[PDB]
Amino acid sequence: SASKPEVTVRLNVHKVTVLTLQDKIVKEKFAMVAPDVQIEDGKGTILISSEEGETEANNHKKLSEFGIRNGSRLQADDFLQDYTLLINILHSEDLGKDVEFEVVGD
């Protein structure tokens, strides 16, 4: 105790959105069903809520609009299972395809 599972994900904070962060990244890639993504800022700022109707207005906005920058720390907690994950943000604009993100991983 205590070594919480922690990964690093490269993406562009000005391109990817919260919905893409929710569906494509946290749920699809990291296998979550009802995740609660919190921004580790010492303020208890939660970006994504599992409860429908609460944070469905942030989906269209980009991550950068929430102060999310390079080296940001995100804590995703699944509501339907004891799954906590610390995701680090490595801001990279050069991806190629262009792809949305990449876990390093991998």
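Position 1 is the first residue in the sequence shown; the rest follow in order.
S.K.: Higher average CA B factor in the deposited record is what I'm after, so tell me if that's 94-102 or 19-27.
M.R.: If you average the C-alpha B-factors of 94-102 and of 19-27, the larger mean comes out for 94-102.
S.K.: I48: which third of its chain by C-alpha temperature factor?
M.R.: Middle third.
S.K.: Would the CA B-factor of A34 place it in the lowest, middle or highest third of its chain?
M.R.: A34: CA B-factor falls in the highest third of its chain.
S.K.: Using only modelled residues of the chain, where does the Cα B factor of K62 rank: lowest third, middle third or highest third?
M.R.: According to the entry, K62 has a C-alpha B-factor in the chain's middle third.
S.K.: Taking only the Cα B-factors deposited for this chain, tell me whether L85 sits in the lowest, middle or highest third.
M.R.: Tercile = highest for this residue's CA B-factor.
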